[PDB]
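Colleague: Have a peek at input24.csv (CSV, C-alpha atoms).
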chain,number,residue,atom,x,y,z
A,66,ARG,CA,0.0,0.0,0.0
A,67,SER,CA,1.4,3.4,-1.1
A,68,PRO,CA,1.2,7.1,-0.2
A,69,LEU,CA,-1.2,7.5,-3.2
A,70,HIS,CA,-3.6,4.9,-1.7
A,71,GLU,CA,-3.6,6.9,1.6
A,72,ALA,CA,-4.1,10.3,0.0
A,73,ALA,CA,-7.0,8.8,-2.0
A,74,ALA,CA,-8.5,7.1,1.1
A,75,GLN,CA,-8.4,10.4,3.1
A,76,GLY,CA,-9.7,12.6,0.3
A,77,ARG,CA,-6.5,14.7,0.3
A,78,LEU,CA,-6.7,16.0,-3.2
A,79,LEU,CA,-3.7,18.3,-3.2
A,80,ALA,CA,-1.4,15.6,-1.8
A,81,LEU,CA,-2.9,13.1,-4.3
A,82,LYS,CA,-2.3,15.4,-7.3
A,83,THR,CA,1.2,16.3,-6.0
A,84,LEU,CA,2.1,12.6,-5.9
A,85,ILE,CA,0.7,12.0,-9.4
A,86,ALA,CA,2.7,14.9,-10.7
A,87,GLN,CA,5.9,13.4,-9.2
A,88,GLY,CA,5.2,10.3,-11.4
A,89,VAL,CA,4.0,7.7,-9.0
A,90,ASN,CA,2.3,4.6,-10.4
A,91,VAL,CA,-1.4,5.4,-10.5
A,92,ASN,CA,-2.4,1.8,-11.1
A,93,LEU,CA,-0.3,0.1,-8.3
A,94,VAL,CA,-2.4,-2.4,-6.4
A,95,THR,CA,-2.1,-4.1,-3.0
A,96,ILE,CA,-2.0,-7.8,-2.5
A,97,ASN,CA,-5.8,-7.7,-2.4
A,98,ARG,CA,-5.6,-5.9,-5.8
A,99,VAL,CA,-6.9,-2.7,-4.3
A,100,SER,CA,-6.0,0.4,-6.4
A,101,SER,CA,-6.0,4.1,-5.2
A,102,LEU,CA,-9.2,4.5,-7.3
A,103,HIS,CA,-10.8,1.8,-5.2
A,104,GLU,CA,-9.9,3.7,-2.0
A,105,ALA,CA,-11.0,7.1,-3.3
A,106,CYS,CA,-14.4,5.7,-4.4
A,107,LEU,CA,-14.9,3.9,-1.1
A,108,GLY,CA,-14.3,7.2,0.7
A,109,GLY,CA,-16.7,9.0,-1.7
A,110,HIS,CA,-13.9,11.4,-2.9
A,111,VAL,CA,-15.0,12.4,-6.4
A,112,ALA,CA,-12.2,14.9,-7.1
A,113,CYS,CA,-9.5,12.4,-6.2
A,114,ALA,CA,-11.3,9.7,-8.2
A,115,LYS,CA,-11.5,12.0,-11.3
A,116,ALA,CA,-7.8,13.0,-11.0
A,117,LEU,CA,-6.9,9.3,-10.9
A,118,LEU,CA,-9.1,8.5,-13.9
A,119,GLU,CA,-7.6,11.4,-15.8
A,120,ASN,CA,-4.2,9.8,-15.3
A,121,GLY,CA,-5.3,6.4,-16.5
A,122,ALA,CA,-6.7,4.6,-13.5
A,123,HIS,CA,-8.6,1.4,-14.4
A,124,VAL,CA,-12.3,2.3,-14.0
A,125,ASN,CA,-13.4,-1.4,-14.0
A,126,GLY,CA,-10.6,-2.8,-11.9
A,127,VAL,CA,-11.6,-5.8,-9.7
A,128,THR,CA,-10.3,-6.6,-6.2
A,129,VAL,CA,-9.7,-10.1,-4.9
A,130,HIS,CA,-13.1,-9.9,-3.3
A,131,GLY,CA,-14.9,-8.9,-6.5
A,132,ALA,CA,-15.2,-5.2,-5.7
A,133,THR,CA,-15.1,-2.5,-8.5
A,134,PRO,CA,-14.7,1.2,-8.0
A,135,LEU,CA,-18.4,1.5,-8.8
A,136,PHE,CA,-19.3,-0.9,-6.1
A,137,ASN,CA,-17.2,1.1,-3.6
A,138,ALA,CA,-18.8,4.3,-4.8
A,139,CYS,CA,-22.2,2.8,-3.9
A,140,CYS,CA,-20.8,1.9,-0.5
A,141,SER,CA,-19.9,5.5,0.1
A,142,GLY,CA,-23.2,6.8,-1.4
A,143,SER,CA,-21.4,9.5,-3.4
A,144,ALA,CA,-23.6,10.1,-6.5
A,145,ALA,CA,-20.9,12.3,-7.8
A,146,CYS,CA,-18.4,9.4,-7.7
A,147,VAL,CA,-21.0,7.1,-9.4
A,148,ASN,CA,-21.4,9.7,-12.2
A,149,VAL,CA,-17.7,10.3,-12.9
A,150,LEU,CA,-17.1,6.5,-13.0
A,151,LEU,CA,-19.9,6.0,-15.5
A,152,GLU,CA,-18.6,8.9,-17.5
A,153,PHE,CA,-15.2,7.1,-17.7
A,154,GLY,CA,-16.8,3.9,-18.9
A,155,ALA,CA,-17.7,2.0,-15.7
A,156,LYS,CA,-19.9,-1.0,-16.3
A,157,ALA,CA,-23.1,-0.5,-14.4
A,158,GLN,CA,-24.3,-4.1,-14.1
A,159,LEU,CA,-21.6,-6.8,-13.6
A,160,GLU,CA,-21.2,-10.5,-14.2
A,161,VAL,CA,-22.4,-12.9,-11.4
A,162,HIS,CA,-19.1,-13.3,-9.5
A,163,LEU,CA,-18.7,-9.6,-9.1
A,164,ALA,CA,-20.3,-7.5,-6.3
A,165,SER,CA,-23.4,-5.8,-7.4
A,166,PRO,CA,-23.4,-2.0,-7.1
A,167,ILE,CA,-27.1,-1.4,-7.1
A,168,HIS,CA,-27.9,-4.0,-4.4
A,169,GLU,CA,-25.3,-2.4,-2.0
A,170,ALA,CA,-26.6,1.1,-2.8
A,171,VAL,CA,-30.2,0.0,-1.9
A,172,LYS,CA,-29.0,-1.8,1.2
A,173,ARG,CA,-27.5,1.4,2.5
A,174,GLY,CA,-30.5,3.5,1.4
A,175,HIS,CA,-28.5,5.5,-1.2
A,176,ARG,CA,-31.5,6.3,-3.4
A,177,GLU,CA,-29.8,8.7,-5.7
A,178,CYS,CA,-27.1,6.2,-6.5
A,179,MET,CA,-29.8,3.6,-7.2
A,180,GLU,CA,-31.6,5.9,-9.6
A,181,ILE,CA,-28.5,6.8,-11.5
A,182,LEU,CA,-27.7,3.1,-12.0
A,183,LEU,CA,-31.3,2.5,-13.2
A,184,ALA,CA,-31.0,5.4,-15.6
A,185,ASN,CA,-27.9,3.7,-16.9
A,186,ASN,CA,-29.9,0.6,-17.8
A,187,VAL,CA,-29.3,-1.7,-14.8
A,188,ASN,CA,-32.1,-4.3,-14.8
A,189,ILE,CA,-34.6,-3.0,-12.2
A,190,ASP,CA,-35.5,-6.7,-11.5
A,191,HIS,CA,-31.9,-8.0,-11.3
A,192,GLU,CA,-32.0,-10.9,-8.9
A,193,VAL,CA,-28.6,-11.6,-7.5
A,194,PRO,CA,-28.6,-15.2,-6.2
A,195,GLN,CA,-29.3,-15.4,-2.5
A,196,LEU,CA,-29.5,-11.5,-2.3
A,197,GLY,CA,-32.6,-11.0,-4.3
A,198,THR,CA,-33.9,-8.1,-6.4
A,199,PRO,CA,-33.3,-4.5,-5.6
A,200,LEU,CA,-36.9,-4.3,-4.3
A,201,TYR,CA,-36.2,-7.3,-2.0
A,202,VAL,CA,-33.1,-5.7,-0.6
A,203,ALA,CA,-35.0,-2.4,0.0
A,204,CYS,CA,-37.7,-4.2,1.9
A,205,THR,CA,-35.2,-6.2,4.0
A,206,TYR,CA,-33.5,-3.0,5.2
A,207,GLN,CA,-36.7,-0.8,5.5
A,208,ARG,CA,-35.7,1.7,2.8
A,209,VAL,CA,-39.0,3.3,2.4
A,210,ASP,CA,-38.0,5.9,-0.2
A,211,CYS,CA,-36.2,3.2,-2.3
A,212,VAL,CA,-39.2,0.9,-2.1
A,213,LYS,CA,-41.5,3.7,-3.3
A,214,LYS,CA,-39.2,4.7,-6.2
A,215,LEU,CA,-38.6,1.2,-7.3
A,216,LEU,CA,-42.3,0.4,-7.4
A,217,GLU,CA,-43.0,3.7,-9.3
A,218,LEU,CA,-40.4,2.7,-11.9
A,219,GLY,CA,-42.1,-0.6,-12.5
A,220,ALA,CA,-40.2,-3.1,-10.3
A,221,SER,CA,-41.9,-6.5,-10.2
A,222,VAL,CA,-43.7,-6.4,-6.8
A,223,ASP,CA,-43.5,-10.2,-6.2
A,224,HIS,CA,-40.0,-10.7,-7.5
A,225,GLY,CA,-37.7,-11.2,-4.5
A,226,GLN,CA,-35.2,-14.0,-3.5
A,227,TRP,CA,-36.5,-17.1,-5.3
A,228,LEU,CA,-39.8,-17.9,-3.4
A,229,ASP,CA,-39.3,-15.2,-0.7
A,230,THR,CA,-41.2,-12.2,-2.0
A,231,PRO,CA,-40.4,-8.6,-1.0
A,232,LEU,CA,-43.5,-8.8,1.1
A,233,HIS,CA,-42.1,-11.8,3.0
A,234,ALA,CA,-39.0,-9.8,3.7
A,235,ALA,CA,-41.0,-6.8,4.8
A,236,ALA,CA,-43.1,-9.0,7.1
A,237,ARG,CA,-39.9,-9.9,9.0
A,238,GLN,CA,-39.1,-6.2,9.6
A,239,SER,CA,-40.8,-3.4,11.5
A,240,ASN,CA,-41.9,-1.0,8.7
A,241,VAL,CA,-45.6,-0.5,8.1
A,242,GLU,CA,-45.3,2.0,5.3
A,243,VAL,CA,-43.5,-0.7,3.2
A,244,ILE,CA,-46.3,-3.2,3.8
A,245,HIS,CA,-48.9,-0.8,2.5
A,246,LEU,CA,-46.8,0.3,-0.5
A,247,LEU,CA,-46.2,-3.3,-1.6
A,248,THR,CA,-49.9,-4.1,-1.1
A,249,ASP,CA,-50.9,-0.9,-3.0
A,250,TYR,CA,-48.8,-2.1,-5.9
A,251,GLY,CA,-50.4,-5.5,-6.1
A,252,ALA,CA,-48.4,-7.7,-3.8
A,253,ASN,CA,-49.9,-11.2,-3.3
A,254,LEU,CA,-50.6,-11.4,0.4
A,255,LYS,CA,-51.5,-15.1,0.3
A,256,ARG,CA,-48.6,-16.8,-1.5
A,257,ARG,CA,-46.2,-18.9,0.6
A,258,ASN,CA,-42.4,-19.1,0.5
A,259,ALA,CA,-39.9,-21.9,0.6
A,260,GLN,CA,-40.7,-22.5,4.3
A,261,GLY,CA,-44.4,-22.7,3.5
A,262,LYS,CA,-45.0,-19.4,5.2
A,263,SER,CA,-47.2,-16.5,4.1
A,264,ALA,CA,-46.2,-12.9,4.9
A,265,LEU,CA,-48.8,-12.9,7.7
A,266,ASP,CA,-47.2,-16.1,9.2
A,267,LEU,CA,-43.8,-14.3,9.3
A,268,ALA,CA,-45.1,-11.1,11.1
A,269,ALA,CA,-44.4,-10.8,14.8
A,270,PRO,CA,-47.5,-11.4,16.9
A,271,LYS,CA,-49.4,-8.3,18.0
A,272,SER,CA,-47.0,-6.1,16.0
A,273,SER,CA,-47.9,-3.1,13.8
A,274,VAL,CA,-46.6,-5.0,10.8
A,275,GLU,CA,-48.9,-7.9,11.6
A,276,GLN,CA,-51.8,-5.5,12.0
A,277,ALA,CA,-51.1,-4.0,8.6
A,278,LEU,CA,-51.1,-7.4,6.9
A,279,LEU,CA,-54.4,-8.3,8.7
A,280,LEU,CA,-56.0,-5.1,7.6
A,281,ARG,CA,-55.1,-5.6,3.9
A,282,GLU,CA,-55.7,-9.3,3.6
A,283,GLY,CA,-58.8,-10.0,1.6
A,284,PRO,CA,-61.5,-12.5,2.8
A,285,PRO,CA,-61.4,-16.2,1.9
A,286,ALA,CA,-61.9,-16.7,-1.8
As a first step, turn the structure in this file into structure tokens.

Modeller:
Amino acid sequence: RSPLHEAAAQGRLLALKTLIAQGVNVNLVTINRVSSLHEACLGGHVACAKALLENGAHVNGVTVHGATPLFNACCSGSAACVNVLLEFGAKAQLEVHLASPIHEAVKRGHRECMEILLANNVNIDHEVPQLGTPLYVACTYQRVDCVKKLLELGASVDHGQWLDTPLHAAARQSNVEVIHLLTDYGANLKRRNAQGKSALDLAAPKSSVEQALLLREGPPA
């Protein structure tokens, strides 16, 4: 790990540009194949990221753990970083063995980063194995604004993590607004998951979430 890595991690633009000017290797990576660009993006430091990109940093570089600069930018929640990476040719949706930027953005409630990725043609219903769709992640982590936006953009309401629907995920949490939003957008309140459980079955007894499900569930057909 180099001085450039550290300047990038800290968001120390003047030090970073000074080091670049001296001729240090912009693309030097650690044993985990982490570049200075990876560290700038993880810190959400857009000016440092752009300076590195201007000097030939690899916009689609992959760490040993499958992280790209774009994934790291989605960890930080810096929309500015996401934009500059995409400007320099970052791939928005990645192959299966690489960490998914949009799913991390949604998990952390970074709605603007999510919208930018969707605007750059990431599949709104992209189901990462065992993680689920963006809507499923949003429901798992009680990201109300992300849930609302995804539904409005046409996310498949029942598409989650194989048989676990977004409503099943929401039922395990404590957010009532998410329950009504899913229901309003046509969620199937009756269907059962891989454990044979309905959303109502999953809700905590006497909880507000359970109450919401009870109030929205139609009568026996």

Colleague: Would you list the residues near (-50.9, -12.3, 6.9) (no more than 12 Å away, in the coordinates of the file, using all atoms listed in the file) as a VMD selection string?

Modeller: chain A and resid 232 to 233 235 to 237 244 248 252 to 257 262 to 284

Colleague: Include C-alpha atoms and write out the residues we just selected as an mmCIF file, in the coordinates of the input.

Modeller:
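Generated file (selection-v8.cif):
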data_model
loop_
_atom_site.group_PDB
_atom_site.id
_atom_site.type_symbol
_atom_site.label_atom_id
_atom_site.label_comp_id
_atom_site.auth_asym_id
_atom_site.auth_seq_id
_atom_site.Cartn_x
_atom_site.Cartn_y
_atom_site.Cartn_z
ATOM 1 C CA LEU A 232 -43.500 -8.800 1.100
ATOM 2 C CA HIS A 233 -42.100 -11.800 3.000
ATOM 3 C CA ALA A 235 -41.000 -6.800 4.800
ATOM 4 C CA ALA A 236 -43.100 -9.000 7.100
ATOM 5 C CA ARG A 237 -39.900 -9.900 9.000
ATOM 6 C CA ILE A 244 -46.300 -3.200 3.800
ATOM 7 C CA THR A 248 -49.900 -4.100 -1.100
ATOM 8 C CA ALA A 252 -48.400 -7.700 -3.800
ATOM 9 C CA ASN A 253 -49.900 -11.200 -3.300
ATOM 10 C CA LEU A 254 -50.600 -11.400 0.400
ATOM 11 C CA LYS A 255 -51.500 -15.100 0.300
ATOM 12 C CA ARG A 256 -48.600 -16.800 -1.500
ATOM 13 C CA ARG A 257 -46.200 -18.900 0.600
ATOM 14 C CA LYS A 262 -45.000 -19.400 5.200
ATOM 15 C CA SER A 263 -47.200 -16.500 4.100
ATOM 16 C CA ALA A 264 -46.200 -12.900 4.900
ATOM 17 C CA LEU A 265 -48.800 -12.900 7.700
ATOM 18 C CA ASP A 266 -47.200 -16.100 9.200
ATOM 19 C CA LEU A 267 -43.800 -14.300 9.300
ATOM 20 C CA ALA A 268 -45.100 -11.100 11.100
ATOM 21 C CA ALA A 269 -44.400 -10.800 14.800
ATOM 22 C CA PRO A 270 -47.500 -11.400 16.900
ATOM 23 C CA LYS A 271 -49.400 -8.300 18.000
ATOM 24 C CA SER A 272 -47.000 -6.100 16.000
ATOM 25 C CA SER A 273 -47.900 -3.100 13.800
ATOM 26 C CA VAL A 274 -46.600 -5.000 10.800
ATOM 27 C CA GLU A 275 -48.900 -7.900 11.600
ATOM 28 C CA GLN A 276 -51.800 -5.500 12.000
ATOM 29 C CA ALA A 277 -51.100 -4.000 8.600
ATOM 30 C CA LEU A 278 -51.100 -7.400 6.900
ATOM 31 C CA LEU A 279 -54.400 -8.300 8.700
ATOM 32 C CA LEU A 280 -56.000 -5.100 7.600
ATOM 33 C CA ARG A 281 -55.100 -5.600 3.900
ATOM 34 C CA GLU A 282 -55.700 -9.300 3.600
ATOM 35 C CA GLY A 283 -58.800 -10.000 1.600
ATOM 36 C CA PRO A 284 -61.500 -12.500 2.800
#

Colleague: Could you work out how far atom CA of residue 136 of chain A lies from atom CA of residue 170 of chain A, giving the answer in Å with one decimal?

Modeller: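 Atom CA of residue 136 of chain A lies 8.3 Å from atom CA of residue 170 of chain A.
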
Colleague: Which value, in Å to one decimal, gives the distance between atom CA of residue 128 of chain A and atom CA of residue 98 of chain A?

Modeller: 4.8 Å

Colleague: Counting only C-alpha atoms, which residue out of A:200, A:119, A:208, A:215 sits closest to residue 183 of chain A?

Modeller: A:215

Colleague: Measure the distance from atom CA of residue 80 of chain A to atom CA of residue 67 of chain A in Å and round it to one decimal.

Modeller: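 Separation of atom CA of residue 80 of chain A and atom CA of residue 67 of chain A: 12.5 Å.
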
Colleague: Near residue 124 of chain A, counting only C-alpha atoms, which residues have an atom at most 9 Å away, once you skip same-chain residues fewer than 6 positions from it, shown as JSON, numbers by chain?

Modeller: {"A": [102, 103, 118, 133, 134, 135, 150, 151, 153, 154, 155, 156]}

Colleague: From the list A:91, A:246, A:222, A:163, which residue is nearest residue 189 of chain A when using all atoms listed in the file?

Modeller: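 That would be A:222, the residue with the smallest distance to residue 189 of chain A.
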
Colleague: Can you write out as JSON lines which residues of segment 105-198 of chain A fall within 12 Å of segment 68-77 of chain A, alongside each residue's closest atom pair and its distance in Å to one decimal, counting all atoms listed in the file and ordering rows by chain and ascending residue number?

Modeller:
{"residue": "A:105", "atom": "CA", "partner": "A:73", "partner_atom": "CA", "distance": 4.5}
{"residue": "A:106", "atom": "CA", "partner": "A:74", "partner_atom": "CA", "distance": 8.2}
{"residue": "A:107", "atom": "CA", "partner": "A:74", "partner_atom": "CA", "distance": 7.5}
{"residue": "A:108", "atom": "CA", "partner": "A:74", "partner_atom": "CA", "distance": 5.8}
{"residue": "A:109", "atom": "CA", "partner": "A:76", "partner_atom": "CA", "distance": 8.1}
{"residue": "A:110", "atom": "CA", "partner": "A:76", "partner_atom": "CA", "distance": 5.4}
{"residue": "A:111", "atom": "CA", "partner": "A:76", "partner_atom": "CA", "distance": 8.5}
{"residue": "A:112", "atom": "CA", "partner": "A:76", "partner_atom": "CA", "distance": 8.1}
{"residue": "A:113", "atom": "CA", "partner": "A:73", "partner_atom": "CA", "distance": 6.1}
{"residue": "A:114", "atom": "CA", "partner": "A:73", "partner_atom": "CA", "distance": 7.6}
{"residue": "A:115", "atom": "CA", "partner": "A:73", "partner_atom": "CA", "distance": 10.8}
{"residue": "A:116", "atom": "CA", "partner": "A:73", "partner_atom": "CA", "distance": 10.0}
{"residue": "A:117", "atom": "CA", "partner": "A:73", "partner_atom": "CA", "distance": 8.9}
{"residue": "A:137", "atom": "CA", "partner": "A:74", "partner_atom": "CA", "distance": 11.6}
{"residue": "A:141", "atom": "CA", "partner": "A:74", "partner_atom": "CA", "distance": 11.6}

Colleague: Here is a test: counting all atoms listed in the file, which residue of A:159, A:129, A:140, A:216 is nearest to residue 172 of chain A?

Modeller: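 Ranked by minimum distance to residue 172 of chain A, first place goes to A:140.
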
Colleague: Using all atoms listed in the file, find the one residue out of A:96, A:196, A:211, A:84 that sits nearest to residue 243 of chain A.

Modeller: A:211

Colleague: Which residue out of A:220, A:167, A:127, A:182 has the minimum interatomic distance to residue 94 of chain A when all atoms listed in the file are used?

Modeller: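 Smallest distance to residue 94 of chain A is found for A:127.
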
Colleague: When distances are computed from all atoms listed in the file, which of A:218, A:81, A:247, A:146 shows the smallest separation from residue 230 of chain A?

Modeller: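 Closest to residue 230 of chain A, using all atoms listed in the file: A:247.
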
Colleague: List every protein, DNA or RNA residue with an atom no more than 9 Å from (-35.8, -5.9, -6.3) in the file's coordinates, counting all atoms listed in the file, and format the result as a list in words.

Modeller: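 Those residues, ordered by chain and then number, are residues 168, 189, 190, 191, 192, 197, 198, 199, 200, 201, 202, 203, 204, 212, 215, 220, 221, 222, 223, 224, 225, 226 and 231 of chain A.
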
Colleague: Will you model N, CA, C and O atoms for segment 112-129 of chain A and pass it back as a compact mmCIF listing (two decimals), keeping the file's coordinate frame?

Modeller:
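Produced file selection_36.txt, reproduced below:
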# COMPACT_ATOMS: atom_id res chain seq x y z
N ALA A 112 -13.27 14.17 -6.46
CA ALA A 112 -12.20 14.90 -7.10
C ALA A 112 -10.94 14.05 -7.20
O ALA A 112 -10.27 14.05 -8.24
N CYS A 113 -10.64 13.30 -6.15
CA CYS A 113 -9.50 12.40 -6.20
C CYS A 113 -9.76 11.27 -7.22
O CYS A 113 -8.86 10.92 -7.98
N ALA A 114 -10.98 10.74 -7.26
CA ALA A 114 -11.30 9.70 -8.20
C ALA A 114 -11.10 10.22 -9.66
O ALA A 114 -10.48 9.53 -10.48
N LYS A 115 -11.57 11.43 -9.95
CA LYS A 115 -11.50 12.00 -11.30
C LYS A 115 -10.01 12.22 -11.69
O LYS A 115 -9.62 11.96 -12.83
N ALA A 116 -9.22 12.72 -10.75
CA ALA A 116 -7.80 13.00 -11.00
C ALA A 116 -7.08 11.67 -11.33
O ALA A 116 -6.21 11.63 -12.20
N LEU A 117 -7.45 10.60 -10.63
CA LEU A 117 -6.90 9.30 -10.90
C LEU A 117 -7.30 8.78 -12.27
O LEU A 117 -6.49 8.25 -13.03
N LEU A 118 -8.58 8.95 -12.59
CA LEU A 118 -9.10 8.50 -13.90
C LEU A 118 -8.48 9.29 -15.04
O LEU A 118 -8.20 8.72 -16.09
N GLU A 119 -8.25 10.58 -14.83
CA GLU A 119 -7.60 11.40 -15.80
C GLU A 119 -6.20 10.98 -16.13
O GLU A 119 -5.67 11.23 -17.21
N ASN A 120 -5.59 10.30 -15.17
CA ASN A 120 -4.20 9.80 -15.30
C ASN A 120 -4.17 8.29 -15.52
O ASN A 120 -3.18 7.64 -15.21
N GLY A 121 -5.26 7.73 -16.05
CA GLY A 121 -5.30 6.40 -16.50
C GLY A 121 -5.65 5.27 -15.58
O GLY A 121 -5.39 4.10 -15.84
N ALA A 122 -6.28 5.63 -14.46
CA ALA A 122 -6.70 4.60 -13.50
C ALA A 122 -7.74 3.68 -14.19
O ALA A 122 -8.49 4.09 -15.08
N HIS A 123 -7.73 2.41 -13.79
CA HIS A 123 -8.60 1.40 -14.40
C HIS A 123 -10.01 1.47 -13.77
O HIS A 123 -10.24 1.04 -12.64
N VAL A 124 -10.95 2.01 -14.54
CA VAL A 124 -12.30 2.30 -14.00
C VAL A 124 -13.08 1.01 -13.69
O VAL A 124 -14.03 1.06 -12.90
N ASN A 125 -12.69 -0.12 -14.28
CA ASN A 125 -13.40 -1.40 -14.00
C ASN A 125 -12.50 -2.42 -13.33
O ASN A 125 -12.75 -3.63 -13.42
N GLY A 126 -11.49 -1.94 -12.62
CA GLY A 126 -10.60 -2.80 -11.90
C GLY A 126 -11.29 -3.60 -10.80
O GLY A 126 -12.17 -3.08 -10.12
N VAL A 127 -10.90 -4.86 -10.63
CA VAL A 127 -11.60 -5.80 -9.70
C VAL A 127 -10.60 -6.21 -8.59
O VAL A 127 -9.48 -6.63 -8.87
N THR A 128 -11.05 -6.10 -7.34
CA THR A 128 -10.30 -6.60 -6.20
C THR A 128 -10.41 -8.09 -6.06
O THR A 128 -11.24 -8.71 -6.72
N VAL A 129 -9.61 -8.67 -5.17
CA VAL A 129 -9.70 -10.10 -4.90
C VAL A 129 -11.05 -10.54 -4.47
O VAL A 129 -11.47 -11.67 -4.72
